[PDB]
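S.K.:
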Amino acid sequence: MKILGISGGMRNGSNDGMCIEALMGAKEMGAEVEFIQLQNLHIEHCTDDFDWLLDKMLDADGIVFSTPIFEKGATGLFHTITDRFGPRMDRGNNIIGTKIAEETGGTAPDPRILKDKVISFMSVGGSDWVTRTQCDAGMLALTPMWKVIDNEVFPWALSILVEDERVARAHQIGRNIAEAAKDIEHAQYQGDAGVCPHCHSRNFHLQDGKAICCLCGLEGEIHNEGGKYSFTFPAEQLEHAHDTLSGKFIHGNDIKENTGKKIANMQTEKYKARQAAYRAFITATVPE
Ligand SMILES: Cc1cc2nc3c(=O)[nH]c(=O)nc-3n(C[C@H](O)[C@H](O)[C@H](O)COP(=O)(O)O)c2cc1C
Ligand SMILES: O=c1cc(-c2ccc(O)c(O)c2)oc2cc(O)cc(O)c12
Numbered sequence: 001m002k003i004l005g006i007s008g009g010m011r012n013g014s015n016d017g018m019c020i021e022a023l024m025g026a027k028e029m030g031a032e033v034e035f036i037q038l039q040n041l042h043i044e045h046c047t068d069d070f071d072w073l074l075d076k077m078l079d080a081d082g083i084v085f086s087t088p089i090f091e092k093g094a095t096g097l098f099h100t101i102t103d104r105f106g107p108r109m110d111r112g113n114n115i116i117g118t119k120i121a122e123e124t125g126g127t128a129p130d131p132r133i134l135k136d137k138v139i140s141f142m143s144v145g146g147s148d149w150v151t152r153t154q155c156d157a158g159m160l161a162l163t164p165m166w167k168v169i170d171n172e173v174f175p176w177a178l179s180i181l182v183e184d185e186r187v188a189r190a191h192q193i194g195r196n197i198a199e200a201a202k203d204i205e206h207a208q209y210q211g212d213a214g215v216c217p218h219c220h221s222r223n224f225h226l227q228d229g230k231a232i233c234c235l236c237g238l239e240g241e242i243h244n245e246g247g248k249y250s251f252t253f254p255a256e257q258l259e260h261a262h263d264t265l266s267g268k269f270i271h272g273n274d275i276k277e278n279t280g281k282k283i284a285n286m287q288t289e290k291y292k293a294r295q296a297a298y299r300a301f302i303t304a305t306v307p308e
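In the deposited numbering, the protein residues as written are 1 to 47, 68 to 308.
(1) Using a threshold of 7 Å, is the CB atom of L181 nearer than that to any non-hydrogen atom of ligand 2?
(2) Three-state secondary structure (DSSP) at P88?
(3) Within 10 angstroms of the Cβ of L238, are there 16 or more other Cβ atoms? Answer buried if so, exposed if not.
(4) Can you tell which of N12, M159 and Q192 has the C-alpha that lies nearest to the C-alpha of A26?
(5) So, with DSSP's three-state summary, where would you put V306?
(6) Count Cβ pairs between the stretch 141 to 155 and the stretch 113 to 126 that sit closer than 8 Å; are there 3 or more?
(7) By DSSP's criteria, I232 is part of a beta bridge. Which residues make up the other side?
(8) Among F141, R108, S143 and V138, which has the Cα closest to the Cα of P129?
(9) I think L160 touches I101, with their Cβ atoms under 8 Å apart; what is that distance to the nearest whole Å?
(10) Please report the straight-line C-alpha distance between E44 and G5, rounded to a whole angstrom.
(11) Tell me which same chain residues have a C-beta within less than 6 Å of the C-beta of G214, skipping the five on either side of it?
(12) Just to confirm, are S140 and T153 a CB contact at a threshold of 8 Å?
(13) How would you call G125, buried or exposed, if buried means at least 16 neighbouring beta carbons within 10 angstroms?
(14) Any heavy atom of ligand 1 closer than 7 Å to the beta-carbon of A177?
(15) On a CA-only basis, which of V138, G96, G211 and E185 is nearest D156? Give me that one, please.
(16) Can you find at least 3 beta carbon pairs, one from the stretch 291 to 298 and one from the stretch 180 to 200, that sit closer than 8 Å?
(17) Would you call the stretch 243 to 255 and the stretch 277 to 289 in contact, with 3 or more CB pairs under 8 Å?
(18) Using 8 Å as the cut-off, can you tell me whether the stretch 160 to 173 makes contact with the stretch 201 to 212, which would need three or more C-beta pairs spanning the two stretches below that distance?
(19) With distances taken Cα to Cα, identify the nearest neighbour of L178 among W72, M18 and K2.
(20) Taking buried to mean at least 16 other C-beta atoms within 10 Å of its own C-beta, is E199 buried or exposed?
(21) Is it buried or exposed for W176, if we count other Cβ within 10 angstroms and need 16 for buried?
(22) Cα separation between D184 and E256?
(23) Using the DSSP secondary-structure output, state which residues sit across from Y249 in a beta bridge.
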């Protein structure tokens with residue numbers, strides 16, 4: 001089993017070390033290991069080394085991703101990789117694209133794109149401003165429905181490379197991901213149970229009558245029982261969860277329906293005149 005470790009920190013930084021430490025644990029369980037340092041890659045924002073990166077990820081049976089924490093979440097580059105995953109890696113759209121290709125004599129997309137895969141994440145920050153990175157990390161796995169094994173946060177971690185018990189945790193995360201990879205079907209989540217019984221998220225969007233899991237999208241209710249929170253939802257919601265095939269097929273269907281409505285609206289006079297008033301009112305300022 002091939003484990004790919006990816007770091008988004010500085011060259012030779014703490015994220016490099018935690019990630020290489022996971023890789024060492026993985027080799028201990030018998031895996032072939034590879035390491036990619038993202039500072040060596042050129043990756044543009046969603047509007068270039070990205071295709072290469074994805075090819076590397078598609079060949080791995082499991083992935084360990086270690087990211088610095090910036091403003092409580094993953095780095096902007098981690099969010100760009102997430103942006104760029106959609107068009108390429110959505111499990112829903114790739115199932116559709118492959119069925120369509122078969123039946124219409126089209127060329128069969130990358131079979132790798134649909135293989136099951138396990139992924140673990142590590143978020144390394146220097147303080148306790150760490151409340152959003154696990155969700156950010158979960159979002160990247162959500163689009164292709166890779167099976168999350170661990171999704172770990174390390175606050176106060178500037179000196180983590182001399183904190184033996186926390187380095188030992190990353191070693192164990194490496195063990196887990198190699199073990200999970202040996203049998204991706206029977207691999208099971210090893211991380212924290214969290215609050216969302218489906219996502220394991222602890223991040224929720226709250227409004228009167230509706231608490232929403234910020235990762236899996238389940239709409240339900242948060243309960244405070246003496247300081248312990250818990251999340252409940254009605255079973256019909258499972259159909260709609262953003263990390264299930266069912267919920268993705270629905271989501272994509274609404275996208276197709278709303279995209280057709282936009283195309284049609286873009287041919288109305290209402291649209292064209294408002295747009296022309298905007299073009300006439302102002303011109304975008306650019307640098308010299
Ligand atoms: C602009 C910036 C914002 C940061 N924001 C946070 C933060 O919100 N929470 C946090 O825990 N650490 C934060 N950090 C600390 C970085 O996570 C830390 O420097 C990183 O773990 C270093 O990893 P490396 O050694 O691999 O580069 C921030 C660092 C920078 C430079
Ligand atoms: O190393 C850290 C460095 C910084 C930081 C960010 C922007 C600056 O203009 C600056 O002068 C320092 O912010 C942090 C914020 C954190 O929560 C944890 C950290 O380790 C850091």
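For each residue, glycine too, the CB sits at the ideal point set by N, CA and C.
M.R.: Once the coordinates are examined:
(1) no
(2) In this structure, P88 counts as strand in the three-state DSSP scheme.
(3) Buried, since its Cβ has 16 or more Cβ neighbours within 10 Å.
(4) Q192
(5) coil
(6) Under the three-pair Cβ rule at 8 Å, the stretch 141 to 155 does not count as touching the stretch 113 to 126.
(7) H225 and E239
(8) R108
(9) 7 Å
(10) For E44 and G5, the distance between alpha carbons rounds to 21 Å.
(11) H220, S221 and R222
(12) no
(13) Per the 10 Å Cβ criterion, exposed.
(14) Relative to ligand 1, the beta carbon of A177 is positioned inside 7 Å of a heavy atom.
(15) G96
(16) no
(17) No, they do not touch.
(18) yes
(19) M18
(20) buried
(21) exposed
(22) Across the structure, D184 and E256 are spaced so that their CA atoms are roughly 46 Å apart.
(23) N244
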